[PDB]
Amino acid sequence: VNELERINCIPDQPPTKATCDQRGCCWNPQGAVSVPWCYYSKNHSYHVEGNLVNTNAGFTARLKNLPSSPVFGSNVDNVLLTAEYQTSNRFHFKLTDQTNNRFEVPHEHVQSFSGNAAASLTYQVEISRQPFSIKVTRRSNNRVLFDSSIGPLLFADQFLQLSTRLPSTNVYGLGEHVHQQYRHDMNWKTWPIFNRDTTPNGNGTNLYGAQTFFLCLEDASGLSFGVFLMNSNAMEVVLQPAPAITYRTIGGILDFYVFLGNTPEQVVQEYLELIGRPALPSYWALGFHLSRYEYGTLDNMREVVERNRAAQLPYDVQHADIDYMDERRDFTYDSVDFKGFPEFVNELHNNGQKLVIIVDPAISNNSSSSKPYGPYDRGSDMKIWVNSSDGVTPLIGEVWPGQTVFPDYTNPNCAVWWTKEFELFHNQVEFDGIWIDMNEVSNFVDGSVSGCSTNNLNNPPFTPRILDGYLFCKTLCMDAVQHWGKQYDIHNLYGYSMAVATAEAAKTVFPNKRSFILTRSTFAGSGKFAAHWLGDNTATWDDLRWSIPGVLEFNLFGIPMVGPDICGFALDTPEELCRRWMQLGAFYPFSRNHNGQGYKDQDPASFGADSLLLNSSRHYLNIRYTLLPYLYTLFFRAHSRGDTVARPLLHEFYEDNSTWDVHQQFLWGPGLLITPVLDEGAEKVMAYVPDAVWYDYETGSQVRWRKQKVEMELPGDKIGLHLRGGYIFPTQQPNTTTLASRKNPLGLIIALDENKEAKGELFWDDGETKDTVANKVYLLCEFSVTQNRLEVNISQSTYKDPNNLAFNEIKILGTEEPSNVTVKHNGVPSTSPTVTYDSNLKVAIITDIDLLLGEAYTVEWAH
């Protein structure tokens, strides 16, 4: 045995020979660090009994256990393998108890498969019988993608395990964690997954969400595949240098999906097709958001709002944290410190801004006849709470307002209660979106106010390496009871179910609008309902650096609208760190400056009306807003096709192995390269310039760099922004809110490639109505440039913006002097455009032009 292939047979304790012998494993302490001293033997697990049986969907096999006696609970003697050739690029297999029904995730989007095995498979599946293994290979080149033969299948009631070899160490995904790097280097590492309120720091613990998907770039040709495990039980994922990955879960079933694609982007598309593509956001939600924990008073909140508006900061959304509530209670505001809250919301709305309020799941149980609490009263009447293990008494915990009960969002009647609570609150306070927090679910006591009973759910035979080492730590008892089942099985689905419910609520509170939902806890598929933020970070340079892989990973997960708390939640932020964080933060898909209780102000204007931080912030936010039609079109593609929005370099440049672990840079879509300074004291960054033509966004000049590391010079007031040759970027003159910006002239930036060609597109709809894509009420155009000619082509035209919008400026990068510029509208010349040329920089700008949005044009020139 090569020691890098050993599968650890004592994951639970320090290795000893007595235990090894007792478990039938192999003993060989003579390895390197982390190499398992005790590991599974070549032949001792399951075997196929009899023949495989062809089915309409695929095949089944009966697997039978070669007798080994109880280690982590009751073992499953007879396992059923069910395999389905669901599509040409998606393989599904599950391992279940032949004789007993077990918990299976009640996912809201994923459906059971009916009908027939797909034609034209890109993959082939091979099963071995003695012992059992399953292998998925790519048909085109026979590359083995999934191969469980490296280790056993373990299948006990509370311990299920399967391993697979991997064809490369280009592995990305898993969550929710702070991985620090984007690529998993595959040296020995265990990642626990169990939704938990915990700090995203350098310790690598389980965090708020549960995301089992990973993507593997097989080679430089771009060929890639992905694996997803549909299991909501506590689990851990073990990486080793074979290279190989092992999934080790303490409940449910092994329900796997394998996705193949020609590019990493196609693997993401295949995954999102299964689990659900992200919601198209409200266009306003792409603006800058400002927030903090404890303004304390409305007067304080208004002062912050007003100084940032005074500074002309692009600034669409104000969040209001639990300090707006009457004693941290949902669906109230503090009639004293937040006296006049309704008038403030009118002021926000009148300035074209939006209000997002925090809502916690936990409901105060403190209600009397003297002092009634309506949400508790109504929730109790409807009987919609999570119950203790008796199945009838609501479970009591403790969160912000004190003792609380917790909504059971898995019960359809709960969402009716939840909706009515929001419709009543909204009559008082006209919020525009909802921030759901503390939904792991997070509890200030362990399990409940009376703790947890000792039993196999609260105290299982095996516990993954979760923070604090008990399942019920800072959450509900594992034997608590909900409509979908016991908390042991569905704990990881609480935040998911809460987002589903909250989205159901938005149907009523915000009729036919998308609104905005931001969630802390997530499961696979939560991006269909909500944005995400990366949680309670800290104002340190480490946190700044760690933000990028977090953003990228959530994009792979189909939650593209993601960002951290810009400047850092915990701690006073240093000015230089906040300045570099706001530069980068202008380019996070979800851009929010948020701050913890007590710390100094970190809103941009608090640094001074004439500070470099404010100046720089406003400069880069105005760039963000200029480019919002490009960003919005990227979200349209994420929603309708499944593309990422914040994208790793390797997704566009996989042919170049220098891009495979770049994590200090990223792209917006295919064309915009963002290079932040992420080091204290630095005025340069060490960056990689991929193999393309690149133009400096601000000046339009073509960089000398191509396919190389560079020291990019970036002074206190600069972040690197380069546009890729071959791409056309739609823009719109910025303003301080998107309500206003969306009325402005549009522009095109044409970044020419080596052949003087470029392509791009623009999606445009009303920016807020739900189902504009489903109901095909939108504009989609395509731009293409070939040497002497720009064509504006209209592929869908069922929305005409009433603001009479037009392209009034075209900037061409990397061009020789155009001359004789002519504009035609469906063939008819022409109106005679002004052209300015910079011969040194090779930039042409065409003005005094009026190309109506939604109309076909040709713009032609000579050299």
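The term rigid core refers to the most C-alpha atoms you can superpose between the two forms while keeping them within 1.5 Å. Residue numbers run from 1 along the displayed sequence.
Stretch comparison, 180-188 versus 98-106: after rigid core superposition, larger RMS CA deviation in 8 other deposited structures of this protein is found for 180-188. The deposited sequence places 1 to 3 unmodelled residues between residue 830 and residue 831. Between 546-554 and 327-335, the higher mean Cα B-factor belongs to 327-335. The question of which stretch, 740-748 or 681-689, has the higher mean Cα B factor is settled in favour of 681-689.
Per the deposited record, 456 carries the highest C-alpha B-factor of all listed residues (456, 583, 232, 170). If you compare the C-alpha temperature factors of 731, 622, 633, 427 in the entry, 427 comes out highest. Among the modelled residues of the chain, residue 564 sits in the lowest third by CA temperature factor in this PDB entry. When the modelled residues of the chain are ordered by their C-alpha B factor, residue 286 lands in the lowest third.
Ranked by Cα temperature factor within the chain, residue 195 sits in the lowest third according to the deposited record. In this PDB entry, the Cα temperature factor of residue 535 sits in the bottom third of its chain's modelled residues, the lowest group. For residue 156, the recorded CA temperature factor ranks within the middle third of the chain's modelled residues.
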